[PDB]
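Below is data-v3.pdb, which holds PDB, C-alpha atoms.
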```
ATOM      1  CA  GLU S   8      39.467 -19.308  64.044
ATOM      2  CA  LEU S   9      42.127 -20.289  61.512
ATOM      3  CA  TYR S  10      43.741 -22.918  63.757
ATOM      4  CA  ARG S  11      43.460 -24.208  67.342
ATOM      5  CA  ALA S  12      46.703 -25.669  68.671
ATOM      6  CA  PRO S  13      46.921 -28.323  71.448
ATOM      7  CA  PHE S  14      48.511 -25.769  73.835
ATOM      8  CA  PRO S  15      48.474 -22.011  74.624
ATOM      9  CA  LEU S  16      50.280 -20.001  71.933
ATOM     10  CA  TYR S  17      53.035 -17.474  72.711
ATOM     11  CA  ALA S  18      54.751 -16.655  69.415
ATOM     12  CA  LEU S  19      54.170 -16.408  65.699
ATOM     13  CA  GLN S  20      56.267 -16.250  62.527
ATOM     14  CA  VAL S  21      55.295 -16.352  58.865
ATOM     15  CA  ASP S  22      57.868 -17.544  56.337
ATOM     16  CA  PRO S  23      57.451 -15.721  52.990
ATOM     17  CA  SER S  24      59.431 -18.257  50.884
ATOM     18  CA  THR S  25      57.733 -21.496  52.101
ATOM     19  CA  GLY S  26      54.386 -19.798  52.919
ATOM     20  CA  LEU S  27      54.458 -21.457  56.340
ATOM     21  CA  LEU S  28      52.769 -20.185  59.459
ATOM     22  CA  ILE S  29      54.890 -21.083  62.473
ATOM     23  CA  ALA S  30      52.991 -21.011  65.776
ATOM     24  CA  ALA S  31      54.760 -21.773  69.052
ATOM     25  CA  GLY S  32      53.730 -22.211  72.684
ATOM     26  CA  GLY S  33      53.150 -24.605  75.566
ATOM     27  CA  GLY S  34      51.949 -25.374  79.080
ATOM     28  CA  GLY S  35      49.185 -27.550  77.621
ATOM     29  CA  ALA S  36      47.452 -29.961  79.995
ATOM     30  CA  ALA S  37      47.209 -33.222  78.002
ATOM     31  CA  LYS S  38      47.508 -36.861  79.143
ATOM     32  CA  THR S  39      49.263 -38.199  76.011
ATOM     33  CA  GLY S  40      50.541 -36.217  72.986
ATOM     34  CA  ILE S  41      52.170 -32.798  73.370
ATOM     35  CA  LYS S  42      52.272 -30.150  76.130
ATOM     36  CA  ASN S  43      54.861 -27.822  74.452
ATOM     37  CA  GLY S  44      55.973 -27.245  70.852
ATOM     38  CA  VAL S  45      56.237 -25.418  67.527
ATOM     39  CA  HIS S  46      53.577 -26.150  64.899
ATOM     40  CA  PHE S  47      54.193 -25.500  61.206
ATOM     41  CA  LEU S  48      51.009 -24.787  59.226
ATOM     42  CA  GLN S  49      50.578 -24.856  55.440
ATOM     43  CA  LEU S  50      48.542 -21.868  54.255
ATOM     44  CA  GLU S  51      46.374 -22.754  51.264
ATOM     45  CA  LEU S  52      43.686 -20.686  49.519
ATOM     46  CA  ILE S  53      40.499 -22.846  49.371
ATOM     47  CA  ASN S  54      37.055 -22.042  47.840
ATOM     48  CA  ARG S  56      38.952 -18.267  51.447
ATOM     49  CA  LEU S  57      42.300 -18.552  53.263
ATOM     50  CA  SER S  58      42.856 -21.733  55.295
ATOM     51  CA  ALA S  59      45.495 -23.282  57.567
ATOM     52  CA  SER S  60      46.474 -26.893  58.045
ATOM     53  CA  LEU S  61      48.986 -28.655  60.351
ATOM     54  CA  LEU S  62      52.016 -29.820  58.360
ATOM     55  CA  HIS S  63      54.530 -30.681  61.106
ATOM     56  CA  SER S  64      54.395 -30.740  64.905
ATOM     57  CA  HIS S  65      57.804 -30.237  66.531
ATOM     58  CA  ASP S  66      57.819 -31.303  70.220
ATOM     59  CA  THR S  67      59.895 -29.235  72.704
ATOM     60  CA  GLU S  68      59.585 -31.768  75.571
ATOM     61  CA  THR S  69      58.814 -29.864  78.833
ATOM     62  CA  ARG S  70      60.023 -26.488  77.490
ATOM     63  CA  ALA S  71      57.434 -23.883  76.459
ATOM     64  CA  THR S  72      58.551 -21.824  73.459
ATOM     65  CA  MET S  73      57.873 -18.212  74.514
ATOM     66  CA  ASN S  74      59.366 -16.275  71.582
ATOM     67  CA  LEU S  75      60.542 -16.721  67.998
ATOM     68  CA  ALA S  76      62.730 -15.105  65.390
ATOM     69  CA  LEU S  77      63.121 -16.177  61.778
ATOM     70  CA  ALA S  78      66.108 -15.942  59.412
ATOM     71  CA  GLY S  79      65.923 -17.726  56.068
ATOM     72  CA  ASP S  80      65.539 -21.411  56.941
ATOM     73  CA  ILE S  81      66.638 -20.914  60.567
ATOM     74  CA  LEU S  82      64.270 -20.439  63.458
ATOM     75  CA  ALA S  83      65.426 -19.184  66.863
ATOM     76  CA  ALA S  84      63.128 -20.212  69.734
ATOM     77  CA  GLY S  85      63.218 -18.981  73.329
ATOM     78  CA  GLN S  86      62.546 -21.889  75.701
ATOM     79  CA  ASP S  87      62.741 -21.338  79.457
ATOM     80  CA  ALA S  88      66.100 -19.458  79.859
ATOM     81  CA  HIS S  89      67.536 -20.780  76.551
ATOM     82  CA  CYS S  90      67.558 -19.970  72.862
ATOM     83  CA  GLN S  91      67.221 -23.011  70.607
ATOM     84  CA  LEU S  92      67.996 -22.918  66.888
ATOM     85  CA  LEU S  93      66.203 -25.058  64.290
ATOM     86  CA  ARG S  94      66.644 -25.477  60.532
ATOM     87  CA  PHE S  95      63.500 -26.205  58.486
ATOM     88  CA  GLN S  96      63.034 -27.162  54.804
ATOM     89  CA  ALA S  97      60.173 -28.540  52.669
ATOM     90  CA  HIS S  98      60.118 -31.829  50.625
ATOM     91  CA  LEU S 137      54.565 -32.107  51.021
ATOM     92  CA  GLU S 138      56.961 -33.188  53.812
ATOM     93  CA  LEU S 139      58.835 -30.861  56.207
ATOM     94  CA  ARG S 140      62.303 -31.782  57.574
ATOM     95  CA  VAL S 141      63.127 -29.985  60.872
ATOM     96  CA  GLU S 142      66.663 -30.386  62.306
ATOM     97  CA  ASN S 143      67.696 -29.246  65.806
ATOM     98  CA  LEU S 144      70.832 -27.145  65.904
ATOM     99  CA  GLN S 145      72.606 -25.548  68.891
ATOM    100  CA  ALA S 146      71.102 -23.998  71.990
ATOM    101  CA  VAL S 147      72.583 -21.652  74.549
ATOM    102  CA  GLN S 148      71.487 -20.237  77.874
ATOM    103  CA  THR S 149      70.722 -16.509  77.536
ATOM    104  CA  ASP S 150      69.321 -15.483  80.959
ATOM    105  CA  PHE S 151      70.811 -16.043  84.434
ATOM    106  CA  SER S 152      68.544 -14.626  87.163
ATOM    107  CA  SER S 153      67.348 -16.729  90.130
ATOM    108  CA  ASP S 154      64.058 -17.180  88.178
ATOM    109  CA  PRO S 155      65.409 -16.959  84.607
ATOM    110  CA  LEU S 156      63.564 -16.618  81.301
ATOM    111  CA  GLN S 157      64.420 -15.371  77.806
ATOM    112  CA  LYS S 158      61.866 -12.706  76.878
ATOM    113  CA  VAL S 159      62.859 -11.597  73.375
ATOM    114  CA  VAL S 160      65.103 -12.656  70.499
ATOM    115  CA  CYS S 161      65.843 -11.318  67.014
ATOM    116  CA  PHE S 162      68.381 -11.460  64.201
ATOM    117  CA  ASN S 163      70.454  -8.637  62.747
ATOM    118  CA  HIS S 164      69.694  -8.005  59.056
ATOM    119  CA  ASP S 165      72.216 -10.415  57.470
ATOM    120  CA  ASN S 166      71.296 -13.168  59.995
ATOM    121  CA  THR S 167      74.919 -13.360  61.134
ATOM    122  CA  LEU S 168      74.056 -12.238  64.665
ATOM    123  CA  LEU S 169      71.381 -13.054  67.205
ATOM    124  CA  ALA S 170      70.426 -10.714  70.088
ATOM    125  CA  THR S 171      68.567 -11.869  73.222
ATOM    126  CA  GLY S 172      67.111 -10.329  76.375
ATOM    127  CA  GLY S 173      65.483 -11.561  79.571
ATOM    128  CA  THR S 174      64.834 -11.175  83.299
ATOM    129  CA  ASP S 175      68.482 -10.531  84.266
ATOM    130  CA  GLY S 176      68.706  -7.233  82.311
ATOM    131  CA  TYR S 177      71.612  -8.343  80.084
ATOM    132  CA  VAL S 178      71.658  -8.167  76.308
ATOM    133  CA  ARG S 179      73.689 -10.989  74.830
ATOM    134  CA  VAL S 180      74.716 -11.235  71.191
ATOM    135  CA  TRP S 181      75.551 -14.548  69.523
ATOM    136  CA  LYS S 182      77.053 -15.644  66.189
ATOM    137  CA  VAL S 183      74.747 -17.675  63.928
ATOM    138  CA  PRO S 184      74.674 -20.669  63.704
ATOM    139  CA  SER S 185      77.518 -21.343  66.189
ATOM    140  CA  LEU S 186      76.030 -19.399  69.152
ATOM    141  CA  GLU S 187      79.505 -18.175  70.064
ATOM    142  CA  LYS S 188      78.884 -15.274  72.420
ATOM    143  CA  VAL S 189      80.192 -11.989  70.963
ATOM    144  CA  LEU S 190      78.670  -9.439  73.390
ATOM    145  CA  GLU S 191      77.260  -9.299  76.877
ATOM    146  CA  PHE S 192      76.312  -6.167  78.800
ATOM    147  CA  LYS S 193      73.829  -4.795  81.322
ATOM    148  CA  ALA S 194      71.151  -2.915  79.362
ATOM    149  CA  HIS S 195      68.584  -2.467  82.176
ATOM    150  CA  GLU S 196      68.197  -2.648  85.941
ATOM    151  CA  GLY S 197      65.184  -4.957  85.525
ATOM    152  CA  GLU S 198      63.736  -7.399  83.021
ATOM    153  CA  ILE S 199      64.108  -6.652  79.332
ATOM    154  CA  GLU S 200      60.638  -6.397  77.763
ATOM    155  CA  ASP S 201      61.608  -6.030  74.093
ATOM    156  CA  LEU S 202      64.467  -5.264  71.764
ATOM    157  CA  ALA S 203      65.148  -4.600  68.081
ATOM    158  CA  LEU S 204      68.216  -4.526  65.829
ATOM    159  CA  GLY S 205      67.732  -1.663  63.361
ATOM    160  CA  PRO S 206      69.532  -0.535  60.212
ATOM    161  CA  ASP S 207      73.130   0.677  60.513
ATOM    162  CA  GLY S 208      73.633  -1.631  63.519
ATOM    163  CA  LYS S 209      71.615   0.204  66.169
ATOM    164  CA  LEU S 210      70.042  -1.807  69.020
ATOM    165  CA  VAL S 211      66.990  -0.539  70.927
ATOM    166  CA  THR S 212      66.069  -2.099  74.273
ATOM    167  CA  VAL S 213      63.205  -1.422  76.675
ATOM    168  CA  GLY S 214      63.026  -2.589  80.295
ATOM    169  CA  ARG S 215      60.923  -2.565  83.458
ATOM    170  CA  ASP S 216      63.310   0.125  84.743
ATOM    171  CA  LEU S 217      61.204   2.583  82.617
ATOM    172  CA  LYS S 218      64.143   3.331  80.286
ATOM    173  CA  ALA S 219      64.443   2.901  76.532
ATOM    174  CA  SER S 220      68.072   2.729  75.409
ATOM    175  CA  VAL S 221      69.749   2.858  72.007
ATOM    176  CA  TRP S 222      73.075   1.046  71.618
ATOM    177  CA  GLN S 223      75.977   0.639  69.206
ATOM    178  CA  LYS S 224      77.560  -2.703  70.134
ATOM    179  CA  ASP S 225      77.769  -2.319  73.978
ATOM    180  CA  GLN S 226      78.088   1.509  73.928
ATOM    181  CA  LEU S 227      75.034   3.629  74.805
ATOM    182  CA  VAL S 228      74.227   6.033  71.949
ATOM    183  CA  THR S 229      71.275   7.786  73.609
ATOM    184  CA  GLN S 230      68.091   7.186  75.546
ATOM    185  CA  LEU S 231      64.510   8.025  74.619
ATOM    186  CA  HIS S 232      63.063  10.562  77.076
ATOM    187  CA  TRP S 233      59.273  10.636  76.259
ATOM    188  CA  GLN S 234      58.534   8.976  79.678
ATOM    189  CA  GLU S 235      59.684  11.938  81.823
ATOM    190  CA  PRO S 238      53.095  16.383  85.635
ATOM    191  CA  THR S 239      53.415  16.659  89.453
ATOM    192  CA  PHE S 240      50.244  14.628  90.082
ATOM    193  CA  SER S 241      51.081  11.933  87.475
ATOM    194  CA  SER S 242      49.118   8.898  88.785
ATOM    195  CA  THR S 243      51.673   6.500  87.233
ATOM    196  CA  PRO S 244      54.895   6.596  85.224
ATOM    197  CA  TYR S 245      54.905   4.964  81.814
ATOM    198  CA  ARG S 246      57.141   2.132  80.747
ATOM    199  CA  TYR S 247      58.078   1.152  77.213
ATOM    200  CA  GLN S 248      56.573  -2.242  76.394
ATOM    201  CA  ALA S 249      57.596  -2.765  72.733
ATOM    202  CA  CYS S 250      60.041  -1.457  70.130
ATOM    203  CA  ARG S 251      60.316  -2.068  66.352
ATOM    204  CA  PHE S 252      62.142  -0.508  63.457
ATOM    205  CA  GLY S 253      60.299  -0.058  60.172
ATOM    206  CA  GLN S 254      61.227   1.397  56.806
ATOM    207  CA  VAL S 255      58.142   3.179  55.417
ATOM    208  CA  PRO S 256      58.263   2.639  51.627
ATOM    209  CA  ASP S 257      58.119   5.436  49.012
ATOM    210  CA  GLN S 258      58.647   8.052  51.826
ATOM    211  CA  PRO S 259      61.835  10.171  51.695
ATOM    212  CA  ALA S 260      61.808  10.545  55.507
ATOM    213  CA  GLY S 261      61.123   6.826  55.775
ATOM    214  CA  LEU S 262      63.234   5.292  58.597
ATOM    215  CA  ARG S 263      61.176   4.852  61.802
ATOM    216  CA  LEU S 264      61.322   3.370  65.277
ATOM    217  CA  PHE S 265      57.920   2.473  66.684
ATOM    218  CA  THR S 266      57.451   2.128  70.438
ATOM    219  CA  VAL S 267      54.519   1.359  72.716
ATOM    220  CA  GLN S 268      54.199   2.868  76.192
ATOM    221  CA  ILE S 269      51.945   1.442  78.897
ATOM    222  CA  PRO S 270      51.204   2.468  82.464
ATOM    223  CA  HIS S 271      53.807   0.913  84.752
ATOM    224  CA  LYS S 272      51.228   0.332  87.504
ATOM    225  CA  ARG S 273      47.703  -0.972  86.782
ATOM    226  CA  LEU S 274      45.227   1.552  88.198
ATOM    227  CA  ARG S 275      41.519   1.528  89.049
ATOM    228  CA  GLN S 276      41.042   3.767  86.054
ATOM    229  CA  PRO S 277      44.001   2.904  83.847
ATOM    230  CA  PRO S 278      45.325   5.753  81.672
ATOM    231  CA  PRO S 279      45.767   5.023  77.947
ATOM    232  CA  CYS S 280      48.599   3.206  76.230
ATOM    233  CA  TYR S 281      50.415   5.212  73.571
ATOM    234  CA  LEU S 282      51.880   4.299  70.223
ATOM    235  CA  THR S 283      54.856   6.508  69.314
ATOM    236  CA  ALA S 284      56.645   6.916  65.965
ATOM    237  CA  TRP S 285      60.264   8.063  66.288
ATOM    238  CA  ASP S 286      62.753   9.179  63.657
ATOM    239  CA  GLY S 287      64.801   6.002  63.128
ATOM    240  CA  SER S 288      68.119   7.853  62.755
ATOM    241  CA  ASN S 289      67.682  10.982  64.916
ATOM    242  CA  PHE S 290      65.392   9.523  67.657
ATOM    243  CA  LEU S 291      62.992  12.445  67.782
ATOM    244  CA  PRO S 292      59.371  11.666  68.672
ATOM    245  CA  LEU S 293      57.412  12.406  65.485
ATOM    246  CA  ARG S 294      53.897  11.235  66.404
ATOM    247  CA  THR S 295      52.321   9.903  69.613
ATOM    248  CA  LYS S 296      48.812   8.427  69.385
ATOM    249  CA  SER S 297      46.757   7.129  72.304
ATOM    250  CA  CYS S 298      45.738   3.545  71.499
ATOM    251  CA  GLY S 299      43.152   2.756  74.168
ATOM    252  CA  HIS S 300      43.055   1.819  77.832
ATOM    253  CA  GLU S 301      43.455  -1.907  77.128
ATOM    254  CA  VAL S 302      47.046  -2.840  77.968
ATOM    255  CA  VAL S 303      49.016  -3.474  74.766
ATOM    256  CA  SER S 304      50.700  -6.901  74.850
ATOM    257  CA  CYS S 305      52.447  -7.097  71.428
ATOM    258  CA  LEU S 306      53.571  -5.129  68.367
ATOM    259  CA  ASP S 307      54.585  -6.087  64.819
ATOM    260  CA  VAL S 308      55.576  -4.148  61.711
ATOM    261  CA  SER S 309      54.763  -5.567  58.278
ATOM    262  CA  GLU S 310      57.745  -6.649  56.115
ATOM    263  CA  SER S 311      56.889  -3.613  53.941
ATOM    264  CA  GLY S 312      56.971  -1.178  56.889
ATOM    265  CA  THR S 313      53.505  -0.010  55.829
ATOM    266  CA  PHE S 314      51.412  -1.478  58.681
ATOM    267  CA  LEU S 315      51.539  -1.944  62.470
ATOM    268  CA  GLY S 316      49.739  -4.698  64.360
ATOM    269  CA  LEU S 317      48.775  -4.599  68.044
ATOM    270  CA  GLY S 318      47.382  -7.153  70.464
ATOM    271  CA  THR S 319      46.135  -6.532  74.002
ATOM    272  CA  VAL S 320      45.840  -8.320  77.341
ATOM    273  CA  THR S 321      42.060  -8.374  76.897
ATOM    274  CA  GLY S 322      42.400 -10.206  73.527
ATOM    275  CA  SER S 323      41.760  -7.246  71.214
ATOM    276  CA  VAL S 324      43.568  -6.735  67.886
ATOM    277  CA  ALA S 325      44.269  -3.543  65.868
ATOM    278  CA  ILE S 326      45.916  -2.634  62.571
ATOM    279  CA  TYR S 327      47.389   0.848  62.127
ATOM    280  CA  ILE S 328      48.948   2.621  59.202
ATOM    281  CA  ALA S 329      52.527   3.108  60.342
ATOM    282  CA  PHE S 330      53.389   6.394  58.639
ATOM    283  CA  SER S 331      50.513   8.271  60.302
ATOM    284  CA  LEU S 332      49.496   5.975  63.250
ATOM    285  CA  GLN S 333      45.919   5.879  61.968
ATOM    286  CA  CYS S 334      43.804   2.885  62.986
ATOM    287  CA  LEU S 335      42.502   0.897  59.992
ATOM    288  CA  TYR S 336      40.969  -2.017  61.873
ATOM    289  CA  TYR S 337      40.055  -2.902  65.453
ATOM    290  CA  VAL S 338      38.202  -5.859  66.949
ATOM    291  CA  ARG S 339      37.660  -5.877  70.729
ATOM    292  CA  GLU S 340      38.335  -9.203  72.504
ATOM    293  CA  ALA S 341      38.898 -11.128  69.310
ATOM    294  CA  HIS S 342      40.474 -13.664  71.672
ATOM    295  CA  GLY S 343      39.271 -14.419  75.207
ATOM    296  CA  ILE S 344      42.569 -13.656  76.850
ATOM    297  CA  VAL S 345      45.966 -11.989  76.184
ATOM    298  CA  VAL S 346      47.147 -11.746  72.576
ATOM    299  CA  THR S 347      50.710 -13.002  72.887
ATOM    300  CA  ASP S 348      51.982 -12.185  69.400
ATOM    301  CA  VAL S 349      50.842 -10.923  65.975
ATOM    302  CA  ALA S 350      52.368 -11.223  62.476
ATOM    303  CA  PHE S 351      51.490  -9.880  59.026
ATOM    304  CA  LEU S 352      51.218 -12.005  55.920
ATOM    305  CA  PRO S 353      54.434 -11.218  54.021
ATOM    306  CA  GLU S 354      54.180  -8.977  50.962
ATOM    307  CA  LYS S 355      56.870 -11.110  49.217
ATOM    308  CA  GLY S 356      57.086 -14.823  48.340
ATOM    309  CA  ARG S 357      54.070 -17.141  48.595
ATOM    310  CA  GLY S 358      52.075 -14.413  50.477
ATOM    311  CA  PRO S 359      50.665 -12.317  47.549
ATOM    312  CA  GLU S 360      49.024 -15.445  46.040
ATOM    313  CA  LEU S 361      47.343 -16.220  49.391
ATOM    314  CA  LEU S 362      46.280 -12.614  50.114
ATOM    315  CA  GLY S 363      44.218 -12.264  46.919
ATOM    316  CA  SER S 364      42.245  -9.019  46.586
ATOM    317  CA  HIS S 365      42.720  -8.065  50.285
ATOM    318  CA  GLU S 366      45.139  -5.283  51.232
ATOM    319  CA  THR S 367      46.915  -7.085  54.069
ATOM    320  CA  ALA S 368      46.391  -9.888  56.583
ATOM    321  CA  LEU S 369      47.316 -10.014  60.270
ATOM    322  CA  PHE S 370      47.485 -13.264  62.190
ATOM    323  CA  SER S 371      47.055 -13.183  65.949
ATOM    324  CA  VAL S 372      47.814 -15.828  68.574
ATOM    325  CA  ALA S 373      46.817 -16.069  72.215
ATOM    326  CA  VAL S 374      46.882 -18.071  75.432
ATOM    327  CA  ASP S 375      43.495 -19.516  74.283
ATOM    328  CA  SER S 376      45.578 -21.698  71.886
ATOM    329  CA  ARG S 377      43.965 -20.152  68.795
ATOM    330  CA  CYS S 378      45.275 -18.444  65.697
ATOM    331  CA  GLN S 379      42.947 -15.879  64.133
ATOM    332  CA  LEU S 380      43.036 -14.254  60.697
ATOM    333  CA  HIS S 381      42.330 -10.540  60.280
ATOM    334  CA  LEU S 382      41.727  -9.277  56.724
ATOM    335  CA  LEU S 383      41.673  -5.641  55.630
ATOM    336  CA  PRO S 384      39.217  -4.773  52.812
ATOM    337  CA  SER S 385      40.369  -4.482  49.183
ATOM    338  CA  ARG S 386      41.358  -0.989  47.904
TER     339      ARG S 386
END
```
Please lay out the structure from this file as structure tokens.
Amino acid sequence: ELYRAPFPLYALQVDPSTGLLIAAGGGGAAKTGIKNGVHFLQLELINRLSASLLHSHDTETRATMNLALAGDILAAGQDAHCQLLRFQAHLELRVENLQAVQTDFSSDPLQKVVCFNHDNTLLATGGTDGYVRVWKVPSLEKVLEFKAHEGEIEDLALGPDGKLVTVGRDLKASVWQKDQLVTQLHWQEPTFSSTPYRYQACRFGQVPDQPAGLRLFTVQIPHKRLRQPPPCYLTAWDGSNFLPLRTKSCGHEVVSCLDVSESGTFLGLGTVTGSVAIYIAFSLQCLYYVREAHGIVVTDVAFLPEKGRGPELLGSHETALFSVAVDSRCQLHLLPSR
């Protein structure tokens, strides 16, 4: 393992400019110290890539369940709230709290996903109540609010030219312009189909050097767990036209997380069983798979950035995926050179 935190990990971000690995989680059973927080780790090449705790930011009783990063600002989902933090280096790290706002309002509320728009002027959130809410940054003035799904929101993504994709437990995947529905994705719709599929993740990526480059990547999983579970699928969509270009089965292990490299070249997957995979995004070809790399659900994955401090750390290797899990561990996954 690269790092073992004092609590189960739920979310990961890698800052290209500072070279910091930001791992967040909670629900840790510990007498004194810390049960919930965000840990900032300095990545340093040594003799071999290595991680080291720089700053431990305590979140009191609130487990950080998701993260988004925008320059020096970190947005952190905690219970039914989104908290903002500013972080800067000097090696010391100064971490200021900024505003927070409640983003979910069910009878058992929880924020499930957060991300920025491109210019980091807006923040979009989604949770158990089915409402997408959009907030100005850093003021957290609410600018939009609308019902996106009839159940919990599982993921969302702000794409280029303003488009928002959302996926819920209501089996629908919806594409929005502000609060207006542009279209839905209809992949999900035989007679003896043992289970319907639901979309579990959604990410835009811009595949570099490709003229038909703009993509939306989704993951579909069986809605019901079955004795023999059917496979999960990874689907590449045209990012502008929303046509399904390629659908690849990606195993019977339930996919728990997706990430696209900053470049748009690579996809990372984690599963409920703790497995980790790297795919080539243009063709959905698996480059790397390790079964049960963790003991338990992989909660998030994140590539080493191709810009900033990343290249120096990567060395001869082609890319690096970090994974985190409920086992409180952060693993490194290196692709071979060339």
Name the residues that the PyMOL selection byres ((chain S and resi 369) around 8) picks from the file above, as a ChimeraX atom specification, using the file's chain letters and numbers.
/S:316,326,349-352,367-368,370-371,380-382
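For the structure shown here, the set of residues caught by the PyMOL selection byres ((chain S and resi 43) around 7) is residues 14, 32, 33, 34, 35, 41, 42, 44, 66, 67, 68, 69, 70 and 71 of chain S.
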Hey, what's within 7 Å of segment 47-60 of chain S if we count all atoms listed in the file and toss same-chain stuff fewer than 5 positions away? As a VMD selection string, please?
chain S and resid 9 to 10 26 to 30 361
Could you expand the PyMOL selection byres ((chain S and resi 226) around 12) into the explicit residues it covers here, written as an MDAnalysis selection string?
chainID S and resid 178 190:194 208:211 220:225 227:230
May I have the residues within 8 Å of residue 77 of chain S as a compact mmCIF listing (two decimals) with C-alpha atoms, in the frame of the given file, using only C-alpha atoms and disregarding those fewer than 6 positions away in the same chain?
```txt
# COMPACT_ATOMS: atom_id res chain seq x y z
CA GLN S 20 56.27 -16.25 62.53
CA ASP S 22 57.87 -17.54 56.34
CA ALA S 83 65.43 -19.18 66.86
CA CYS S 161 65.84 -11.32 67.01
CA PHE S 162 68.38 -11.46 64.20
```
Top pick for closest residue to residue 248 of chain S, considering S:38, S:195, S:218, S:365 and counting all atoms listed in the file:
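Going through S:38, S:195, S:218, S:365 one by one, the smallest distance to residue 248 of chain S is for S:218.
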Point-to-point distance in Å for atom CA of residue 305 of chain S and atom CA of residue 147 of chain S
25.0 Å
Quick one: pull the distance between atom CA of residue 204 of chain S and atom CA of residue 262 of chain S, Å, one decimal.
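The value is 13.2 Å.
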List every residue of segment 282-362 of chain S that has an atom at most 9 Å from any atom of segment 264-270 of chain S, and for each one report the closest atom pair and its distance in Å to one decimal, counting all atoms listed in the file, with rows sorted by chain and then by increasing residue number, as JSON lines.
```
{"residue": "S:282", "atom": "CA", "partner": "S:267", "partner_atom": "CA", "distance": 4.7}
{"residue": "S:283", "atom": "CA", "partner": "S:266", "partner_atom": "CA", "distance": 5.2}
{"residue": "S:284", "atom": "CA", "partner": "S:265", "partner_atom": "CA", "distance": 4.7}
{"residue": "S:285", "atom": "CA", "partner": "S:264", "partner_atom": "CA", "distance": 4.9}
{"residue": "S:286", "atom": "CA", "partner": "S:264", "partner_atom": "CA", "distance": 6.2}
{"residue": "S:287", "atom": "CA", "partner": "S:264", "partner_atom": "CA", "distance": 4.9}
{"residue": "S:288", "atom": "CA", "partner": "S:264", "partner_atom": "CA", "distance": 8.5}
{"residue": "S:290", "atom": "CA", "partner": "S:264", "partner_atom": "CA", "distance": 7.8}
{"residue": "S:300", "atom": "CA", "partner": "S:269", "partner_atom": "CA", "distance": 9.0}
{"residue": "S:302", "atom": "CA", "partner": "S:269", "partner_atom": "CA", "distance": 6.6}
{"residue": "S:303", "atom": "CA", "partner": "S:269", "partner_atom": "CA", "distance": 7.1}
{"residue": "S:305", "atom": "CA", "partner": "S:267", "partner_atom": "CA", "distance": 8.8}
{"residue": "S:306", "atom": "CA", "partner": "S:267", "partner_atom": "CA", "distance": 7.9}
{"residue": "S:308", "atom": "CA", "partner": "S:265", "partner_atom": "CA", "distance": 8.6}
{"residue": "S:315", "atom": "CA", "partner": "S:265", "partner_atom": "CA", "distance": 8.8}
{"residue": "S:329", "atom": "CA", "partner": "S:265", "partner_atom": "CA", "distance": 8.3}
```
Would you be able to write out as an mmCIF file with C-alpha atoms, keeping the file's coordinate frame which residues have an atom within 10 Å of (64.4, -19.3, 81.5) in the file's coordinates, counting all atoms listed in the file?
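For reference, out20.cif as written:
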```
data_model
loop_
_atom_site.group_PDB
_atom_site.id
_atom_site.type_symbol
_atom_site.label_atom_id
_atom_site.label_comp_id
_atom_site.auth_asym_id
_atom_site.auth_seq_id
_atom_site.Cartn_x
_atom_site.Cartn_y
_atom_site.Cartn_z
ATOM 1 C CA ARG S 70 60.023 -26.488 77.490
ATOM 2 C CA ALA S 71 57.434 -23.883 76.459
ATOM 3 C CA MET S 73 57.873 -18.212 74.514
ATOM 4 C CA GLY S 85 63.218 -18.981 73.329
ATOM 5 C CA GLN S 86 62.546 -21.889 75.701
ATOM 6 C CA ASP S 87 62.741 -21.338 79.457
ATOM 7 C CA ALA S 88 66.100 -19.458 79.859
ATOM 8 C CA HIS S 89 67.536 -20.780 76.551
ATOM 9 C CA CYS S 90 67.558 -19.970 72.862
ATOM 10 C CA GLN S 148 71.487 -20.237 77.874
ATOM 11 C CA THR S 149 70.722 -16.509 77.536
ATOM 12 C CA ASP S 150 69.321 -15.483 80.959
ATOM 13 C CA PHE S 151 70.811 -16.043 84.434
ATOM 14 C CA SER S 152 68.544 -14.626 87.163
ATOM 15 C CA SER S 153 67.348 -16.729 90.130
ATOM 16 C CA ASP S 154 64.058 -17.180 88.178
ATOM 17 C CA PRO S 155 65.409 -16.959 84.607
ATOM 18 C CA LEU S 156 63.564 -16.618 81.301
ATOM 19 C CA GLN S 157 64.420 -15.371 77.806
ATOM 20 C CA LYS S 158 61.866 -12.706 76.878
ATOM 21 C CA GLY S 173 65.483 -11.561 79.571
ATOM 22 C CA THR S 174 64.834 -11.175 83.299
#
```
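The coordinates place atom CA of residue 255 of chain S at 14.9 Å from atom CA of residue 353 of chain S.
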Residues near residue 168 of chain S, cut-off 9 Å, all atoms listed in the file, skip fewer than 3 positions along chain, as a PyMOL selection string:
chain S and resi 161-165+180-184+186+189
Please identify all polymer residues within 10 Å of residue 313 of chain S, counting all atoms listed in the file, omitting same-chain residues fewer than 6 positions from it, and present them as an mmCIF file with C-alpha atoms, in the coordinates of the input.
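Output saved as part.cif:
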```
data_model
loop_
_atom_site.group_PDB
_atom_site.id
_atom_site.type_symbol
_atom_site.label_atom_id
_atom_site.label_comp_id
_atom_site.auth_asym_id
_atom_site.auth_seq_id
_atom_site.Cartn_x
_atom_site.Cartn_y
_atom_site.Cartn_z
ATOM 1 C CA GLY S 253 60.299 -0.058 60.172
ATOM 2 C CA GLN S 254 61.227 1.397 56.806
ATOM 3 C CA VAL S 255 58.142 3.179 55.417
ATOM 4 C CA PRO S 256 58.263 2.639 51.627
ATOM 5 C CA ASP S 257 58.119 5.436 49.012
ATOM 6 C CA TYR S 327 47.389 0.848 62.127
ATOM 7 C CA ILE S 328 48.948 2.621 59.202
ATOM 8 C CA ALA S 329 52.527 3.108 60.342
ATOM 9 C CA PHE S 330 53.389 6.394 58.639
ATOM 10 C CA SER S 331 50.513 8.271 60.302
ATOM 11 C CA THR S 367 46.915 -7.085 54.069
#
```
